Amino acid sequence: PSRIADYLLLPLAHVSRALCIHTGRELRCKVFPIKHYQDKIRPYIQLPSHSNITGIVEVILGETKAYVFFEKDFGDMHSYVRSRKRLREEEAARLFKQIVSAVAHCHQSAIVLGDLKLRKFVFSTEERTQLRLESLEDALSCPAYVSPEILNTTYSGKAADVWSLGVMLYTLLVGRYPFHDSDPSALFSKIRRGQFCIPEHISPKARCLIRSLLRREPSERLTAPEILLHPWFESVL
């Protein structure tokens, strides 16, 4: 029952529906206190573009509050791979590169994500060819995306994000997590011991990549920029 700037705000059922009063077209809007934006969200706005990595079209800063307007997504990547059992290497490589590129771009602007999951990547279009980051805090089935460093102890974080990328890469190709168990002690021991098995239908270049992203030792893992050069991508695309 409300409005700011170009947009009427309609409920759903902490985000809401934004309808542009000029064009008529529907976006989404999430309000924050201005200082939460300044701290936790303004870093993503500083990205060079920004509107491709995140879905954000414009933000409006008042005296008191920040209104972040973004384009609506067409479902997350966890629901996707779950819905498809697993992904063929051709599509998996397309989608993963976008994921890595977004992450690589963030790392270059000093942003460490920390909360990297398949959940965090959402389709920008109805065709579901193109992903963006879900930057705004909005059976397979932490844990699993959690790395040997944080259990043992400070650490990089950027390397920790590459671990998560490795878990994500394994998971879309394989269809389940690299580490999984009924007993959690066993789960965390297998994390800390870097202990997993790749299937044989997975191809040598693809296996090669997963291995180089999932290393106990953080320094020995690739960086997000390095990842994008790896031959797996070019072998299928």
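Counting begins at 1, following the sequence as shown.
Gap between residue 83 and residue 84: none; every deposited residue in this span has coordinates. According to the record, no deposited residue between residue 115 and residue 116 is left without atomic coordinates. For the pair 186-194 and 170-178, the mean Cα B-factor is higher in 186-194. The stretch 67-75 shows the higher mean C-alpha B-factor when 100-108 is compared against 67-75 in the entry.
The entry assigns its greatest Cα B factor, within the set 164, 153, 124, 135, to 153. Residue 226: CA B factor in the lowest third of modelled residues in this chain (values from the PDB entry). Per the deposited record, the Cα B-factor of residue 56 falls in the lowest third when ranked against the other modelled residues of its chain. Per-chain ranking of the deposited C-alpha B factor places residue 31 in the middle third. Residue 13: CA B factor in the highest third of modelled residues in this chain (values from the PDB entry).
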